[PDB]
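The structure file query27.cif is reproduced below (mmCIF, C-alpha atoms; chains and numbers go by the auth columns).
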data_query
loop_
_atom_site.group_PDB
_atom_site.id
_atom_site.type_symbol
_atom_site.label_atom_id
_atom_site.label_comp_id
_atom_site.label_asym_id
_atom_site.label_seq_id
_atom_site.Cartn_x
_atom_site.Cartn_y
_atom_site.Cartn_z
_atom_site.B_iso_or_equiv
_atom_site.auth_seq_id
_atom_site.auth_asym_id
ATOM 1 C CA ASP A 1 0.000 0.000 0.000 0.00 3 A
ATOM 2 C CA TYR A 2 1.539 3.290 -1.185 0.00 4 A
ATOM 3 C CA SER A 3 -1.505 5.510 -0.802 0.00 5 A
ATOM 4 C CA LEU A 4 0.291 7.827 1.638 0.00 6 A
ATOM 5 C CA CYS A 5 3.147 8.431 -0.770 0.00 7 A
ATOM 6 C CA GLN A 6 3.156 11.473 -2.978 0.00 8 A
ATOM 7 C CA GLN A 7 4.142 11.787 -6.617 0.00 9 A
ATOM 8 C CA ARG A 8 7.916 11.677 -6.990 0.00 10 A
ATOM 9 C CA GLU A 9 9.866 12.697 -10.057 0.00 11 A
ATOM 10 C CA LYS A 10 12.218 9.696 -10.163 0.00 12 A
ATOM 11 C CA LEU A 11 10.338 7.112 -8.087 0.00 13 A
ATOM 12 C CA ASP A 12 6.923 5.453 -8.626 0.00 14 A
ATOM 13 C CA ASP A 13 4.876 2.635 -7.051 0.00 15 A
ATOM 14 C CA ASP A 14 6.536 0.111 -9.353 0.00 16 A
ATOM 15 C CA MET A 15 9.989 1.054 -8.093 0.00 17 A
ATOM 16 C CA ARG A 16 8.806 1.173 -4.462 0.00 18 A
ATOM 17 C CA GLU A 17 7.706 -2.429 -4.902 0.00 19 A
ATOM 18 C CA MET A 18 11.018 -3.310 -6.584 0.00 20 A
ATOM 19 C CA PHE A 19 12.922 -1.863 -3.623 0.00 21 A
ATOM 20 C CA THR A 20 10.797 -3.722 -1.077 0.00 22 A
ATOM 21 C CA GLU A 21 10.901 -7.094 -2.837 0.00 23 A
ATOM 22 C CA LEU A 22 14.655 -6.861 -3.416 0.00 24 A
ATOM 23 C CA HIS A 23 15.301 -6.208 0.281 0.00 25 A
ATOM 24 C CA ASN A 24 13.036 -9.023 1.417 0.00 26 A
ATOM 25 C CA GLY A 25 14.722 -11.444 -1.012 0.00 27 A
ATOM 26 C CA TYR A 26 18.085 -10.390 0.416 0.00 28 A
ATOM 27 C CA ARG A 27 16.759 -10.912 3.927 0.00 29 A
ATOM 28 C CA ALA A 28 15.272 -14.350 3.088 0.00 30 A
ATOM 29 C CA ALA A 29 18.534 -15.457 1.445 0.00 31 A
ATOM 30 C CA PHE A 30 20.427 -14.155 4.432 0.00 32 A
ATOM 31 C CA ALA A 31 18.089 -15.818 6.958 0.00 33 A
ATOM 32 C CA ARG A 32 18.361 -19.232 5.324 0.00 34 A
ATOM 33 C CA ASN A 33 22.121 -19.134 4.759 0.00 35 A
ATOM 34 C CA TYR A 34 23.149 -17.630 8.121 0.00 36 A
ATOM 35 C CA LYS A 35 20.311 -19.199 10.155 0.00 37 A
ATOM 36 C CA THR A 36 18.728 -16.086 11.633 0.00 38 A
ATOM 37 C CA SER A 37 15.937 -16.691 14.162 0.00 39 A
ATOM 38 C CA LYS A 38 13.849 -13.480 13.899 0.00 40 A
ATOM 39 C CA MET A 39 14.469 -11.734 10.593 0.00 41 A
ATOM 40 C CA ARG A 40 11.497 -9.438 9.968 0.00 42 A
ATOM 41 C CA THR A 41 9.681 -8.943 6.697 0.00 43 A
ATOM 42 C CA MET A 42 10.116 -5.372 5.528 0.00 44 A
ATOM 43 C CA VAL A 43 7.132 -3.293 4.512 0.00 45 A
ATOM 44 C CA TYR A 44 7.411 -0.084 2.481 0.00 46 A
ATOM 45 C CA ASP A 45 6.850 3.017 4.642 0.00 47 A
ATOM 46 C CA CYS A 46 5.921 6.310 3.026 0.00 48 A
ATOM 47 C CA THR A 47 6.978 8.213 6.164 0.00 49 A
ATOM 48 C CA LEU A 48 10.513 6.801 5.852 0.00 50 A
ATOM 49 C CA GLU A 49 10.371 7.697 2.163 0.00 51 A
ATOM 50 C CA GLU A 50 9.805 11.340 3.094 0.00 52 A
ATOM 51 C CA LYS A 51 12.702 11.095 5.585 0.00 53 A
ATOM 52 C CA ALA A 52 14.807 9.638 2.794 0.00 54 A
ATOM 53 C CA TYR A 53 13.939 12.518 0.427 0.00 55 A
ATOM 54 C CA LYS A 54 14.635 15.192 3.018 0.00 56 A
ATOM 55 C CA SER A 55 18.044 13.595 3.597 0.00 57 A
ATOM 56 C CA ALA A 56 18.808 12.800 -0.056 0.00 58 A
ATOM 57 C CA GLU A 57 18.322 16.399 -1.147 0.00 59 A
ATOM 58 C CA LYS A 58 21.302 17.418 0.990 0.00 60 A
ATOM 59 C CA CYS A 59 23.338 15.548 -1.638 0.00 61 A
ATOM 60 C CA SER A 60 25.850 14.028 0.774 0.00 62 A
ATOM 61 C CA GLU A 61 27.659 10.909 -0.456 0.00 63 A
ATOM 62 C CA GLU A 62 27.776 9.500 3.095 0.00 64 A
ATOM 63 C CA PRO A 63 24.980 8.357 5.467 0.00 65 A
ATOM 64 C CA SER A 64 23.883 10.970 8.000 0.00 66 A
ATOM 65 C CA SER A 65 22.556 8.482 10.621 0.00 67 A
ATOM 66 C CA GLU A 66 22.863 4.763 11.450 0.00 68 A
ATOM 67 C CA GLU A 67 19.570 3.885 9.711 0.00 69 A
ATOM 68 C CA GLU A 68 20.447 5.444 6.341 0.00 70 A
ATOM 69 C CA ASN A 69 21.937 3.816 3.228 0.00 71 A
ATOM 70 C CA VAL A 70 23.363 5.896 0.362 0.00 72 A
ATOM 71 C CA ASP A 71 24.477 5.005 -3.134 0.00 73 A
ATOM 72 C CA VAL A 72 25.927 7.338 -5.750 0.00 74 A
ATOM 73 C CA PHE A 73 26.378 6.630 -9.490 0.00 75 A
ATOM 74 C CA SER A 74 26.060 7.804 -13.073 0.00 76 A
ATOM 75 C CA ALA A 75 25.720 5.793 -16.294 0.00 77 A
ATOM 76 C CA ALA A 76 23.896 2.967 -14.499 0.00 78 A
ATOM 77 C CA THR A 77 23.909 -0.508 -15.992 0.00 79 A
ATOM 78 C CA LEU A 78 20.878 -1.879 -14.208 0.00 80 A
ATOM 79 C CA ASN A 79 17.675 -0.232 -13.142 0.00 81 A
ATOM 80 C CA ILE A 80 17.847 1.989 -10.077 0.00 82 A
ATOM 81 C CA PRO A 81 16.669 -0.496 -7.400 0.00 83 A
ATOM 82 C CA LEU A 82 19.101 -3.183 -8.647 0.00 84 A
ATOM 83 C CA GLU A 83 22.000 -0.733 -9.063 0.00 85 A
ATOM 84 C CA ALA A 84 21.641 0.346 -5.421 0.00 86 A
ATOM 85 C CA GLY A 85 20.664 -3.051 -4.045 0.00 87 A
ATOM 86 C CA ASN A 86 23.630 -4.794 -5.608 0.00 88 A
ATOM 87 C CA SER A 87 26.116 -2.203 -4.399 0.00 89 A
ATOM 88 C CA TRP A 88 24.785 -2.536 -0.848 0.00 90 A
ATOM 89 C CA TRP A 89 24.473 -6.348 -0.961 0.00 91 A
ATOM 90 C CA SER A 90 28.087 -6.697 -2.149 0.00 92 A
ATOM 91 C CA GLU A 91 29.248 -5.574 1.308 0.00 93 A
ATOM 92 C CA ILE A 92 28.289 -9.031 2.523 0.00 94 A
ATOM 93 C CA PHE A 93 31.880 -10.045 1.717 0.00 95 A
ATOM 94 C CA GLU A 94 33.154 -7.698 4.431 0.00 96 A
ATOM 95 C CA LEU A 95 30.885 -8.990 7.202 0.00 97 A
ATOM 96 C CA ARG A 96 32.605 -10.925 9.989 0.00 98 A
ATOM 97 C CA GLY A 97 29.840 -12.647 11.908 0.00 99 A
ATOM 98 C CA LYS A 98 26.767 -11.382 13.690 0.00 100 A
ATOM 99 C CA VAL A 99 28.306 -8.329 15.359 0.00 101 A
ATOM 100 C CA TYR A 100 28.261 -5.042 13.500 0.00 102 A
ATOM 101 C CA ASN A 101 31.671 -3.397 13.328 0.00 103 A
ATOM 102 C CA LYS A 102 31.374 0.219 12.251 0.00 104 A
ATOM 103 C CA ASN A 103 34.240 0.296 9.750 0.00 105 A
ATOM 104 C CA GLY A 104 32.722 1.927 6.687 0.00 106 A
ATOM 105 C CA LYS A 105 32.612 -1.400 4.853 0.00 107 A
ATOM 106 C CA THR A 106 29.371 -2.991 6.010 0.00 108 A
ATOM 107 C CA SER A 107 26.942 -0.232 6.943 0.00 109 A
ATOM 108 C CA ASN A 108 24.658 -0.755 3.949 0.00 110 A
ATOM 109 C CA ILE A 109 24.422 -4.516 4.172 0.00 111 A
ATOM 110 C CA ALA A 110 23.886 -4.271 7.954 0.00 112 A
ATOM 111 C CA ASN A 111 20.917 -1.929 7.455 0.00 113 A
ATOM 112 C CA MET A 112 19.420 -4.301 4.888 0.00 114 A
ATOM 113 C CA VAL A 113 19.677 -7.445 7.052 0.00 115 A
ATOM 114 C CA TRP A 114 19.297 -6.037 10.587 0.00 116 A
ATOM 115 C CA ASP A 115 16.839 -8.555 11.955 0.00 117 A
ATOM 116 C CA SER A 116 14.547 -6.105 13.772 0.00 118 A
ATOM 117 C CA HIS A 117 14.267 -3.790 10.763 0.00 119 A
ATOM 118 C CA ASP A 118 10.727 -4.077 9.369 0.00 120 A
ATOM 119 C CA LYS A 119 10.269 -0.845 7.405 0.00 121 A
ATOM 120 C CA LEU A 120 12.060 0.985 4.602 0.00 122 A
ATOM 121 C CA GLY A 121 11.452 4.049 2.475 0.00 123 A
ATOM 122 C CA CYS A 122 13.635 5.267 -0.385 0.00 124 A
ATOM 123 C CA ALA A 123 14.438 8.347 -2.492 0.00 125 A
ATOM 124 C CA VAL A 124 16.047 8.982 -5.876 0.00 126 A
ATOM 125 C CA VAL A 125 17.519 12.421 -6.591 0.00 127 A
ATOM 126 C CA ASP A 126 20.010 14.115 -8.894 0.00 128 A
ATOM 127 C CA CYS A 127 23.061 15.777 -7.400 0.00 129 A
ATOM 128 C CA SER A 128 25.209 17.648 -9.905 0.00 130 A
ATOM 129 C CA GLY A 129 24.710 15.038 -12.607 0.00 131 A
ATOM 130 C CA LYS A 130 24.995 11.979 -10.376 0.00 132 A
ATOM 131 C CA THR A 131 22.097 9.857 -9.127 0.00 133 A
ATOM 132 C CA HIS A 132 21.845 9.509 -5.356 0.00 134 A
ATOM 133 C CA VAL A 133 19.719 6.705 -4.021 0.00 135 A
ATOM 134 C CA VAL A 134 18.897 6.843 -0.294 0.00 136 A
ATOM 135 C CA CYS A 135 16.955 4.353 1.772 0.00 137 A
ATOM 136 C CA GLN A 136 15.889 4.893 5.366 0.00 138 A
ATOM 137 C CA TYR A 137 15.088 1.992 7.669 0.00 139 A
ATOM 138 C CA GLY A 138 13.172 1.401 10.885 0.00 140 A
ATOM 139 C CA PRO A 139 12.861 0.991 13.689 0.00 141 A
ATOM 140 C CA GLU A 140 16.114 2.462 14.941 0.00 142 A
ATOM 141 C CA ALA A 141 18.439 -0.252 16.224 0.00 143 A
ATOM 142 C CA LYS A 142 21.730 -0.310 14.270 0.00 144 A
ATOM 143 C CA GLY A 143 24.944 0.704 16.047 0.00 145 A
ATOM 144 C CA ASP A 144 28.638 -0.130 16.410 0.00 146 A
ATOM 145 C CA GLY A 145 29.154 -3.310 18.405 0.00 147 A
ATOM 146 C CA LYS A 146 25.500 -4.310 18.352 0.00 148 A
ATOM 147 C CA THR A 147 24.195 -7.662 17.152 0.00 149 A
ATOM 148 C CA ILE A 148 22.908 -7.478 13.554 0.00 150 A
ATOM 149 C CA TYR A 149 20.931 -10.717 13.878 0.00 151 A
ATOM 150 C CA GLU A 150 20.281 -13.418 16.440 0.00 152 A
ATOM 151 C CA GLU A 151 21.149 -16.933 15.271 0.00 153 A
ATOM 152 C CA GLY A 152 18.862 -19.957 15.265 0.00 154 A
ATOM 153 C CA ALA A 153 16.083 -21.728 13.343 0.00 155 A
ATOM 154 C CA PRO A 154 14.353 -19.186 11.126 0.00 156 A
ATOM 155 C CA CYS A 155 11.192 -17.764 12.712 0.00 157 A
ATOM 156 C CA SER A 156 11.933 -19.500 16.016 0.00 158 A
ATOM 157 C CA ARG A 157 11.956 -16.139 17.796 0.00 159 A
ATOM 158 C CA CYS A 158 9.261 -14.126 15.965 0.00 160 A
ATOM 159 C CA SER A 159 7.379 -13.890 19.277 0.00 161 A
ATOM 160 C CA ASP A 160 10.206 -11.735 20.682 0.00 162 A
ATOM 161 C CA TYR A 161 8.538 -8.897 18.765 0.00 163 A
ATOM 162 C CA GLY A 162 5.336 -9.382 20.735 0.00 164 A
ATOM 163 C CA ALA A 163 1.785 -8.635 19.705 0.00 165 A
ATOM 164 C CA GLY A 164 0.568 -10.095 16.434 0.00 166 A
ATOM 165 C CA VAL A 165 3.929 -11.086 14.950 0.00 167 A
ATOM 166 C CA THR A 166 4.118 -14.538 13.321 0.00 168 A
ATOM 167 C CA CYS A 167 6.173 -16.402 10.740 0.00 169 A
ATOM 168 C CA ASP A 168 5.557 -15.169 7.183 0.00 170 A
ATOM 169 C CA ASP A 169 4.325 -17.807 4.705 0.00 171 A
ATOM 170 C CA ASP A 170 4.865 -15.186 1.981 0.00 172 A
ATOM 171 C CA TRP A 171 8.630 -15.458 2.462 0.00 173 A
ATOM 172 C CA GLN A 172 9.218 -19.205 2.699 0.00 174 A
ATOM 173 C CA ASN A 173 8.546 -19.144 6.449 0.00 175 A
ATOM 174 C CA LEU A 174 11.932 -17.492 6.944 0.00 176 A
ATOM 175 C CA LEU A 175 10.783 -14.017 8.001 0.00 177 A
ATOM 176 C CA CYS A 176 8.538 -12.569 10.721 0.00 178 A
ATOM 177 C CA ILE A 177 5.469 -10.511 9.775 0.00 179 A
ATOM 178 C CA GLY A 178 3.129 -8.277 11.777 0.00 180 A
ATOM 179 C CA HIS A 179 -0.633 -8.784 12.059 0.00 181 A
ATOM 180 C CA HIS A 180 -2.283 -8.324 8.670 0.00 182 A
ATOM 181 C CA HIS A 181 -5.206 -9.507 6.574 0.00 183 A
ATOM 182 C CA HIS A 182 -3.694 -12.223 4.300 0.00 184 A
#
Spell out the structure here as structure tokens.
Amino acid sequence: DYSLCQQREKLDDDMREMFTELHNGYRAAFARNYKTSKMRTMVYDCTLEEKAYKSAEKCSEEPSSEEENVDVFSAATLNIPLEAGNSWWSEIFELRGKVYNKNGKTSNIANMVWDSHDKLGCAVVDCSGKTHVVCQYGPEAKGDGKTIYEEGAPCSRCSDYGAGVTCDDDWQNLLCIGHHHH
């Protein structure tokens, strides 16, 4: 549901969906291969999208807070969600276990697979001829020295999140989802 999002020049509902699906696929792959016990399903959040735009328009090439990812490019090869997603996912090679080490090498992948993250919103802007892609995540949790994900059977600890949260049959029963119609 993107009803609360406004018209953006370089982002539409299609791309919002592409961003969300890409992240959840990354998180499902990560949960199965690293055995993460409470990896949440992400849902698109139009409030985080507005936060992402307000931050993106500053045209920094670095994140301004722990829950922000930034990517900068021109002459893209892939579409925008894949160009950003792949750059951020590639940091997986610099991870060294479940503990986040703030070293400039893993901030994007850590935001994407932080187990308690369940919301994202993104922004696409031009800065002096380069595309900046920014995604903002929630809730706030990421930090140096903190545990990115707890380890164990997938979905075994969904109930840690409390009311209404169950294993998500939409994502191969690997992720945890909040109460919803389905």
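From atom CA of residue A:82 back to atom CA of residue A:180, the distance works out to 28.3 Å.
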**OP:** Identify, on the basis of all atoms listed in the file, every residue whose closest approach to residue A:107 does not exceed 9 Å; exclude the query and any residue fewer than 5 positions from it along the same chain; express the result as number ranges by chain.
**Re:** A: 93, 96-97
Original post:
Between A:51, A:117, A:172, A:146, which is the closest to residue A:23 once you count all atoms listed in the file?
Top reply: A:172
Original post:
For residue A:150, which residue among A:34, A:100, A:29, A:121 is the nearest when counting all atoms listed in the file?
Top reply: A:100
Output as JSON the centre and edge lengths (Å, one decimal) of the box along x, y and z of the file that holds every listed atom of stretch 167-183 of chain A after adding 4 Å on each side.
{"center_x": 3.4, "center_y": -13.7, "center_z": 8.5, "size_x": 25.1, "size_y": 18.9, "size_z": 21.0}
Subject >> Output of the PyMOL selection byres ((chain A and resi 128) around 10), listed as a ChimeraX atom specification >> reply: /A:12,58-59,61,74-76,126-127,129-135
Got a minute to add N, CA and C atoms to stretch 12-31 of chain A and dump it as a PDB file, keeping the file's coordinate frame?
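The result, written out as result.pdb:
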ATOM      1  N   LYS A  12      11.355  10.798  -9.726  1.00  0.00           N
ATOM      2  CA  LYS A  12      12.218   9.696 -10.163  1.00  0.00           C
ATOM      3  C   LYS A  12      11.902   8.363  -9.474  1.00  0.00           C
ATOM      4  N   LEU A  13      10.745   8.300  -8.827  1.00  0.00           N
ATOM      5  CA  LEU A  13      10.338   7.112  -8.087  1.00  0.00           C
ATOM      6  C   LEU A  13       8.820   6.939  -8.238  1.00  0.00           C
ATOM      7  N   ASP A  14       8.360   5.736  -8.589  1.00  0.00           N
ATOM      8  CA  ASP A  14       6.923   5.453  -8.626  1.00  0.00           C
ATOM      9  C   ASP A  14       6.577   4.181  -7.854  1.00  0.00           C
ATOM     10  N   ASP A  15       5.297   3.804  -7.836  1.00  0.00           N
ATOM     11  CA  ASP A  15       4.876   2.635  -7.051  1.00  0.00           C
ATOM     12  C   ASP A  15       5.594   1.362  -7.473  1.00  0.00           C
ATOM     13  N   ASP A  16       5.803   1.230  -8.779  1.00  0.00           N
ATOM     14  CA  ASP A  16       6.536   0.111  -9.353  1.00  0.00           C
ATOM     15  C   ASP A  16       7.917  -0.021  -8.703  1.00  0.00           C
ATOM     16  N   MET A  17       8.656   1.079  -8.682  1.00  0.00           N
ATOM     17  CA  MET A  17       9.989   1.054  -8.093  1.00  0.00           C
ATOM     18  C   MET A  17       9.956   0.840  -6.575  1.00  0.00           C
ATOM     19  N   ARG A  18       8.940   1.385  -5.906  1.00  0.00           N
ATOM     20  CA  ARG A  18       8.806   1.173  -4.462  1.00  0.00           C
ATOM     21  C   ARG A  18       8.689  -0.316  -4.204  1.00  0.00           C
ATOM     22  N   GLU A  19       7.866  -0.988  -5.005  1.00  0.00           N
ATOM     23  CA  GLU A  19       7.706  -2.429  -4.902  1.00  0.00           C
ATOM     24  C   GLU A  19       9.019  -3.156  -5.219  1.00  0.00           C
ATOM     25  N   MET A  20       9.747  -2.697  -6.232  1.00  0.00           N
ATOM     26  CA  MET A  20      11.018  -3.310  -6.584  1.00  0.00           C
ATOM     27  C   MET A  20      11.973  -3.191  -5.401  1.00  0.00           C
ATOM     28  N   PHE A  21      12.041  -2.022  -4.779  1.00  0.00           N
ATOM     29  CA  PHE A  21      12.922  -1.863  -3.623  1.00  0.00           C
ATOM     30  C   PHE A  21      12.549  -2.825  -2.497  1.00  0.00           C
ATOM     31  N   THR A  22      11.259  -2.916  -2.203  1.00  0.00           N
ATOM     32  CA  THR A  22      10.797  -3.722  -1.077  1.00  0.00           C
ATOM     33  C   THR A  22      11.052  -5.210  -1.324  1.00  0.00           C
ATOM     34  N   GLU A  23      10.691  -5.684  -2.513  1.00  0.00           N
ATOM     35  CA  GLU A  23      10.901  -7.094  -2.837  1.00  0.00           C
ATOM     36  C   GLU A  23      12.375  -7.476  -2.832  1.00  0.00           C
ATOM     37  N   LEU A  24      13.218  -6.600  -3.377  1.00  0.00           N
ATOM     38  CA  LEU A  24      14.655  -6.861  -3.416  1.00  0.00           C
ATOM     39  C   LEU A  24      15.210  -7.026  -2.001  1.00  0.00           C
ATOM     40  N   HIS A  25      14.856  -6.101  -1.112  1.00  0.00           N
ATOM     41  CA  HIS A  25      15.301  -6.208   0.281  1.00  0.00           C
ATOM     42  C   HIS A  25      14.806  -7.487   0.966  1.00  0.00           C
ATOM     43  N   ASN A  26      13.535  -7.817   0.786  1.00  0.00           N
ATOM     44  CA  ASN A  26      13.036  -9.023   1.417  1.00  0.00           C
ATOM     45  C   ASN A  26      13.687 -10.296   0.860  1.00  0.00           C
ATOM     46  N   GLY A  27      13.957 -10.336  -0.445  1.00  0.00           N
ATOM     47  CA  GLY A  27      14.722 -11.444  -1.012  1.00  0.00           C
ATOM     48  C   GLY A  27      16.126 -11.552  -0.433  1.00  0.00           C
ATOM     49  N   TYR A  28      16.780 -10.405  -0.239  1.00  0.00           N
ATOM     50  CA  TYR A  28      18.085 -10.390   0.416  1.00  0.00           C
ATOM     51  C   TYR A  28      17.963 -10.931   1.831  1.00  0.00           C
ATOM     52  N   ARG A  29      16.920 -10.499   2.529  1.00  0.00           N
ATOM     53  CA  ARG A  29      16.759 -10.912   3.927  1.00  0.00           C
ATOM     54  C   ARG A  29      16.389 -12.407   4.054  1.00  0.00           C
ATOM     55  N   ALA A  30      15.593 -12.923   3.115  1.00  0.00           N
ATOM     56  CA  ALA A  30      15.272 -14.350   3.088  1.00  0.00           C
ATOM     57  C   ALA A  30      16.514 -15.196   2.765  1.00  0.00           C
ATOM     58  N   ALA A  31      17.297 -14.753   1.785  1.00  0.00           N
ATOM     59  CA  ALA A  31      18.534 -15.457   1.445  1.00  0.00           C
ATOM     60  C   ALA A  31      19.444 -15.443   2.652  1.00  0.00           C
TER      61      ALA A  31
END
